[PDB]
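Visitor:
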Amino acid sequence: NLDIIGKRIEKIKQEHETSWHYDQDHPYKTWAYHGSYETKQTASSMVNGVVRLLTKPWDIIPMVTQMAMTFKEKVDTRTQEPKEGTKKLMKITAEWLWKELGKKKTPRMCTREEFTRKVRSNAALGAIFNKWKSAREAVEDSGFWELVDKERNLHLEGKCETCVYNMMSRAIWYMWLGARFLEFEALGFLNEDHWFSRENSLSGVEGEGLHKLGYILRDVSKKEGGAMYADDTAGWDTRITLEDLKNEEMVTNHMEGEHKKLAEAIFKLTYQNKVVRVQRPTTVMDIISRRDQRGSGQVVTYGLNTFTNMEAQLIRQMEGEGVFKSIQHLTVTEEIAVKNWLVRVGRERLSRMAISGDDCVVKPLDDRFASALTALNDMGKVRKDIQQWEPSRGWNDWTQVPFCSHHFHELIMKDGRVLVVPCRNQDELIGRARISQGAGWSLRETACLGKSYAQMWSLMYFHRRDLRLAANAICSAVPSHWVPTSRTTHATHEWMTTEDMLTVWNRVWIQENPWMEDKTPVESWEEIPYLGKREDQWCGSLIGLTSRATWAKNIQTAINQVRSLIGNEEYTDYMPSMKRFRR
Ligand SMILES: O=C1NC2(CCCC2)Nc2ccccc21
Ligand SMILES: [Zn+2]
Ligand SMILES: [Zn+2]
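Just so we're aligned: the sequence shown equals residues 2764 to 2805, 2808 to 2835, 2846 to 2904, 2908 to 2946, 2962 to 3075, 3079 to 3285, 3289 to 3382 in UniProt numbering.
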């Protein structure tokens, strides 16, 4: 308890010595409270005017327009200790899984140089404002690195002074840049060296991209076995047990020297003991602590969520196959049965899964998996939107399975070749492209973000009539040489380029596509198919509405409206790449 966290707590106490008070009316029940201090501060979603002016029919669709407007009764709940049989299953599986992931990889420290390069190309490293303005300036100043050094040597000594979380759909634990550095130095290798690539982890999809995820699900569907299960966990990050954090820490068993000590300190001092500052309007700042749940950098969180989800799903597969009888206790001969299953078939069983952090698809050996719920529930990985002991409902067709907010279509080109394409309800896609985050956007910066959405649509969602038309309109309305941008950048964004989008389409879908045997390039956008018109409507198309027909017919007028706002620049007309504007 206070031996490991007190020092961090002590230090915050003194910087607000004028304000410290143990509030008697504190709302915490599962979080250990410690004190409050005085602050007074808050980032709403702003509309992208370039995208909205070129998507007029959606101005009267509430599912789009409501997205731009506007549970902590789940962070403040508790998870029970798993039974002894469950703890044994997790420990054997985790031991086995780090060894498999480690066979073709070497753990190593990430460098100041690597960290500096990341900051100088705008990645989301979840850091706070204070002594320097931005991340770019702290990294170019030697004083920073001396603070990093002090903390670094405190960790080698097994103590922590400044590694404190600041809490703020999605929960992010902002730390100061220095604490983020030390996390990256010790555990960055998991992402930097692709430990959760499909080649390395067999279940993982790190670095894949939406042009690959549908082909991966179709390959899983080809295995003999039962339904495809895609059960979401209710509040995954809140269900990570202290036993989970201890099995994750076993990656340190594969390390040596300074690295092993620096990694052991991240896990012991920051992950398995947390210090958090939270804004309460009663506006004060509460200093709360707890031992369990996930609270790490976004990138480390993705890797360890993937690890622990692979572990949980192998165990659910073991339960379905009758490898063990009860979670109450594993007998000595069950332990050897479990180890032997892992050695014998473990890699085959990993290949039956697609796992992206808390998100999974599993094609088990048979449908016994559906009612194999004892280990899953006892590990705390309770399924969302279904009663605890009700058997899972599986999917009979890989094209129906949800994964990473998409489903996937099989789309046959006029020349017979097969595309497996990503898809989701079109209101969601249009609604997101109409939103920006943060202040100080110039018209040029707003235009270049619209262009990023348009090029993503061309590459990933070309098969949706409305999005190929709107993408061509936005690319016609934004100056041809202006570079697409994002302010927040495990997937490949091939659309972030000033290269011709037909050339990028050929590279992604034909040349580098390992599922496409015939490498014959496509010569025009007219060779690139759409979904069936009825399927396009099913997935949210406005094709057939009077509003949509008027928009398509008069698109030049909309393009010209945006060009007139941006001013006298060099523009290209991309509409004649479409049959209906080609005379
Ligand atoms: O566990 C995670 N789940 C998803 C949702 C589906 C893709 C991965 N997102 C994440 C992003 C950062 C960190 C963790 C996660
Ligand atoms: Zn620290
Ligand atoms: Zn669809």
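Every residue, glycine too, gets a C-beta built ideally from N, C-alpha and C.
Using a Cβ-Cβ distance cut-off of 7 Å, determine whether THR3291 contacts chain B.
Guide: Here chain B cannot be found, since the structure has a single protein chain.
Visitor: In chain order, which alpha helix (DSSP H) runs of at least 4 residues are fully inside the segment 3038-3067?
Guide: 3050-3058
Visitor: Since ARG3164 contacts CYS2941 with CB under 8 Å, what's their CB separation in whole angstroms?
Guide: As a first step, residue 3164 is located in the sequence shown; it is residue number 368 there, counting from the start. As a first step, residue 2941 is located in the sequence shown; it is residue number 163 there, counting from the start. Contact doesn't hold; Cβ gap of about 45 Å is too wide.
Visitor: Please report the Cβ distance between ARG3086 and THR2852, rounded to the nearest whole angstrom; I am assuming they are in contact, meaning their Cβ atoms lie under 8 Å.
Guide: As a working note, residue 3086 is residue 290 in the sequence shown. As a working note, residue 2852 is residue 77 in the sequence shown. In this structure, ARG3086 and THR2852 do not form a Cβ contact; the two beta carbons are roughly 11 Å apart against a cut-off of 8 Å.
Visitor: Closest to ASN3136 by C-alpha separation, out of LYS3318, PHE3120, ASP3025, would be which residue?
Guide: Within the sequence shown, residue 3136 is the residue found at index 340, counting from 1. Measuring from the Cα of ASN3136, the nearest candidate turns out to be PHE3120.
Visitor: Would you say the segment 3210-3226 touches the segment 3256-3270, given that touching needs at least three Cβ pairs under 8 Å?
Guide: The segment 3210-3226 is in contact with the segment 3256-3270.
Visitor: Flag this pair as yes or no: are the beta carbons of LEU2819 and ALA3168 separated by less than 7 Å?
Guide: Counting from 1 along the sequence shown, the entry for residue 2819 is found at position 54. Counting from 1 along the sequence shown, the entry for residue 3168 is found at position 372. It is not a contact, given that the beta carbons lie outside the stated cut-off.
Visitor: Hey, is the segment 3032-3042 in contact with the segment 2865-2872, meaning 3+ C-beta pairs nearer than 8 Å?
Guide: yes
Visitor: Please confirm whether any heavy atom of ligand 3 lies closer than 6 Å to the CB of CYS2938.
Guide: Residue numbering aside, residue 2938 sits at position 160 when the sequence shown is read from its first letter. No, the beta carbon of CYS2938 sits no closer than 6 Å to any heavy atom of ligand 3.
Visitor: Along the beta strand (DSSP E) that carries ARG3086, what are the first and last residues, could you check?
Guide: Position 290 of the sequence shown, counting from 1, holds the residue named residue 3086. First-last of the beta strand (DSSP E) with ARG3086: 3080-3086.
Visitor: Taking 5 Å as the limit, tell me which residues put their C-beta closer than that to any heavy atom of ligand 3, in chain order.
Guide: Result (chain order): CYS3219, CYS3338.
Visitor: Looking at the structure shown, is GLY2997 part of a helix, part of a strand, or coil, going by DSSP?
Guide: Residue mapping note: residue 2997 aligns to position 204 of the sequence shown, counting from 1. Residue state, collapsed to three classes: strand.
Visitor: Under 8 Å: do the segment 3195-3213 and the segment 3012-3032 share three or more Cβ pairs, one atom per stretch?
Guide: With a cut-off of 8 Å, the segment 3012-3032 and the segment 3195-3213 count as touching, because enough Cβ pairs lie within range.
Visitor: With distances taken Cα to Cα, identify the nearest neighbour of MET3295 among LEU3330, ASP3335, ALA3250.
Guide: Residue mapping note: residue 3295 aligns to position 496 of the sequence shown, counting from 1. Answer by Cα proximity: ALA3250.
Visitor: Go ahead and pull the three-state DSSP assignment for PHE3199.
Guide: The residue you call residue 3199 lines up with position 403 of the sequence shown. It is a strand residue.
Visitor: So, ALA2916 versus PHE2922, is the Cβ gap smaller than 7 Å?
Guide: In the sequence shown, residue 2916 corresponds to position 138, counting from 1. In the sequence shown, residue 2922 corresponds to position 144, counting from 1. Cβ distance < 7 Å, so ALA2916 and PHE2922 count as in contact.
Visitor: Considering just the uninterrupted stretch of the beta strand (DSSP E) at residue 2726, what are its terminal residues?
Guide: Within the shown structure, residues of the chain are numbered from 2764 to 3382, placing residue 2726 beyond reach of any answer.
Visitor: Which residues does DSSP pair with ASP3155 in a beta bridge?
Guide: Against the sequence shown, residue 3155 aligns to sequence position 359. DSSP output for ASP3155 lists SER3152 as bridge partner(s).
Visitor: CB-CB under 8 Å to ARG3143, same chain, minus the five flanking residues each way: which ones, in chain order?
Guide: Numbered from its first residue, the sequence shown carries residue 3143 at position 347. Excluding positions up to five away in sequence, the list reads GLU2875, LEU2995.
Visitor: According to the Cβ coordinates, are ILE3033 and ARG2991 closer than 7 Å?
Guide: Indexing the sequence shown from 1 puts residue 3033 at position 240. Indexing the sequence shown from 1 puts residue 2991 at position 198. No; because the gap between Cβ atoms is not below 7 Å, this pair is not in contact.
Visitor: Are the segment 2854-2866 and the segment 3123-3131 touching, with three or more C-beta to C-beta distances below 8 Å?
Guide: yes
Visitor: On the DSSP letters alone, give me the boundaries of the alpha helix (DSSP H) that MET3252 sits inside.
Guide: Walking along the sequence shown from the start, residue 3252 turns up at place 456. First-last of the alpha helix (DSSP H) with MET3252: 3239-3256.
Visitor: Check whether the segment 3144-3154 and the segment 3095-3107 are in contact - that is, three or more C-beta pairs closer than 8 Å.
Guide: Yes, the segment 3144-3154 is in contact with the segment 3095-3107.
Visitor: So, with DSSP's three-state summary, where would you put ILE3208?
Guide: The sequence position of residue 3208 within the sequence shown is 412, counting from 1. Three-state DSSP puts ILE3208 in a strand.
Visitor: Within the same chain, show all residues whose beta-carbon is closer than 6 Å to that of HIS2789, passing over the 5 residues directly before and after it, in chain order.
Guide: Here the question's residue 2789 lines up with position 26 in the sequence shown. Excluding residues within five positions, the ones whose Cβ falls inside 6 Å are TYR2796.
Visitor: Hey, is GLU3051 close to ligand 2, as in C-beta under 6 Å from one of its heavy atoms?
Guide: Taking the sequence shown and counting its residues from 1, the one referred to as residue 3051 is at position 258. No.
Visitor: Is the segment 3050-3057 close to the segment 3227-3237, with three or more CB pairs under 8 Å?
Guide: The count of Cβ pairs closer than 8 Å, one atom from the segment 3050-3057 and one from the segment 3227-3237, stays below three, leaving the stretches out of contact.
Visitor: Given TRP3308, which residues of its chain have a CB within under 6 Å of its CB, disregarding the five upstream and five downstream residues?
Guide: Walking along the sequence shown from the start, residue 3308 turns up at place 509. Short of 6 Å from the beta carbon of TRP3308, and not among the five residues preceding or following it, lies no beta carbon of its own chain.
Visitor: Is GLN3094 near ligand 1, in the sense that its beta carbon is under 6 Å from a heavy atom of that ligand?
Guide: Stepping through the sequence shown from its first residue, residue 3094 is reached at position 298. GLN3094 has its CB nearer than 6 Å to a heavy atom of ligand 1.
Visitor: Write down the C-beta distance between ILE3123 and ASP3162 rounded to the nearest angstrom, noting that I regard them as a contact closer than 8 Å.
Guide: Your numbering for residue 3123 matches position 327 in the sequence shown. Your numbering for residue 3162 matches position 366 in the sequence shown. Not really, about 21 Å apart at Cβ, beyond 8 Å.
Visitor: Do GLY3099 and ligand 1 come close, with the Cβ less than 6 Å from some heavy atom?
Guide: Taking the first residue of the sequence shown as 1, we reach residue 3099 at position 303. For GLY3099, the Cβ stays outside the 6 Å cut-off from all heavy atoms of ligand 1.
Visitor: Who are the near neighbours of residue 3399 in its chain, counting only those whose CB is closer than 6 Å to its CB and skipping five residues on each side?
Guide: As displayed, the chain neither begins before 2764 nor continues past 3382, which places residue 3399 out of reach and without an answer.
Visitor: Compute every distance between the C-beta of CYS3156 and the non-hydrogen atoms of ligand 2, then say whether any falls below 6 Å.
Guide: For this step, residue 3156 is matched to residue 360 along the sequence shown. A distance criterion of 6 Å places the beta-carbon of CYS3156 beyond contact range of ligand 2, judged by its closest non-hydrogen atom.
Visitor: Starting from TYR2943 and walking both ways along the beta strand (DSSP E), at which residues does that stretch end?
Guide: In the sequence shown, counting from the first residue as 1, residue 2943 sits at position 165. Unbroken beta strand (DSSP E) run through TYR2943: 2943-2945.
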